[PDB]
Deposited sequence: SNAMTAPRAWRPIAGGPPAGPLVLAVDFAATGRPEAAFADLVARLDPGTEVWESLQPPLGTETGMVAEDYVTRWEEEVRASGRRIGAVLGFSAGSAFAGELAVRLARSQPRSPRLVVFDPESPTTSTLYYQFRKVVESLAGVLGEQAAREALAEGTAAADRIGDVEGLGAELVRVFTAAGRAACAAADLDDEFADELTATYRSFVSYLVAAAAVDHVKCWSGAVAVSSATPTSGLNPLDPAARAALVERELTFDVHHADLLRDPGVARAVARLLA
């Protein structure tokens, strides 16, 4: 499928868009739905089966998600997104405002439209998290290659492509050194490739159009979501911005967030 249920119901449905990654440091929609009222059904977005995202553009991702919703016959009461997922949530919400008699609520959490900086920051955190297993020297080399890449390549799709080349090459080499089992290596490199594919596709969404009716929920992490933008730019971009003094990685597990979300969905 393209959607998985993460909370049950009888009723209008809530959609939630994010990139699934078990063991990631950031709280997930599952943490948020644990902290909501139990009636309302919530579905979380699934990525294409690994590798099959190659050759898909943003339109292909959105249509895949949209058509499963159309086929269900269900009405959508709200669309949620986290981080880059906020771009796809905004496009789905705008399409559902057109396809439904009543528009869904759109709530976006640290919304991001990925740039060359966010592709590079992410690559760094990935490589740093694997240093213990790739080994510190292999990790150094990957970081320097990705750094070179970000210094040379100015567009988002091109940088994404090369970072996936660098990472794939680093995983293949760690495998050949026997520092990684060769199924662990394949899964690692396929998953990073799926992630960058998702990010680059999310960047393609017209987020200025799609976030004009969004309520944003913002952490305190300066580099996350709307925080790098100046005040006037944040106010121009979204309909309303709630702030929370919590780390980006804790946003979806915060009880104050959950309480505010329940009121926004009431």
Original post:
Since the structure holds only modelled residues, which stretches of the deposited sequence does it leave out?
Top reply: 1 to 7, 18 to 19
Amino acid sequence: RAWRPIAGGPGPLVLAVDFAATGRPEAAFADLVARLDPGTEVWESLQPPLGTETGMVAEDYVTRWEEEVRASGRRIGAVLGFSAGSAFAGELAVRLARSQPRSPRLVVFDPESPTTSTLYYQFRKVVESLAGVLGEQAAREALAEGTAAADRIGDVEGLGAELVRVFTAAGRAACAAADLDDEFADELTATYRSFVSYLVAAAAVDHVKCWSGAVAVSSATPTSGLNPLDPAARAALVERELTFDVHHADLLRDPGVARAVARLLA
From here on, numbers count along this sequence of modelled residues.
Subject >> Which of 126 to 134 and 80 to 88 has higher mean CA B factor, as the PDB entry lists it >> reply: 126 to 134
Original post:
Going by the B-factors listed in the PDB entry, is the mean over the C-alpha atoms higher for 243 to 251 or for 19 to 27?
Top reply: 19 to 27
Original post:
According to the deposited entry, which of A93, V196, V108, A185 has the largest Cα B-factor?
Top reply: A185
Subject >> B-factor third for the C-alpha atom of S117 within its chain >> reply: highest
**OP:** Would you check the entry's CA temperature factor for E44 and let me know if it's in the chain's lowest, middle or highest third?
**Re:** lowest
Subject >> Ranked C-alpha temperature factor of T191 among modelled chain residues, by third >> reply: middle
Original post:
Split the chain's modelled residues into thirds by Cα B-factor; is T63 in the lowest, middle or highest one?
Top reply: lowest
**OP:** Sort the modelled residues of this chain by their C-alpha B factor and say whether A266 lands in the lowest, middle or highest third.
**Re:** highest
